[PDB]
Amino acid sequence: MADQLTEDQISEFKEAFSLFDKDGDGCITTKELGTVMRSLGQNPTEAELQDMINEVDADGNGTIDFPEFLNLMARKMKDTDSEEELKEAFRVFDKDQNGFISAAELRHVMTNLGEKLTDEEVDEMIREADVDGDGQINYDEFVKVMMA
């Protein structure tokens, strides 16, 4: 996500927040959160609802206002994006979509990415990330090497 949000993104988040804010006073209370939680098939304890609210209540006034709500969703958005970007990238490399990146696929995709590696380089790159040593890179392995 990054930082600055677009007007449409903000306006949407406001519509959402509007659902949580059952009595529309501009702030979400534990009670209002519980109502929303339950309706989704959950049953948080009064202690959990207070934690959830408290963990998002930056100014400590007891409730969640729009900017507090927005900052939470923005962090969740960026987390999702980062993860989704890792998944997209893996898909690009996994040319045959079998769940693994092979040396041949790494060489191919790489070249087509403006990166031409030699045979030695290709194999070393695979080995460097190949934790279980089966000769190919699975998703967990790709993630591990990407976030490092």
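Numbers for residues come from their place in the sequence shown, where the first is 1.
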- Hey, which bit's got the bigger mean C-alpha B factor in the entry, 93-101 or 47-55? 47-55
- Would 127-135 or 5-13 have the larger average of its C-alpha temperature factors, as given in the entry? 5-13
- Task: Using the entry's values, work out which of 40, 64, 122, 86 has the largest Cα B factor.
- Result: 40
- Note on the structure: The residue of 28, 70, 106, 36 with the maximal C-alpha B-factor according to the PDB record is 36
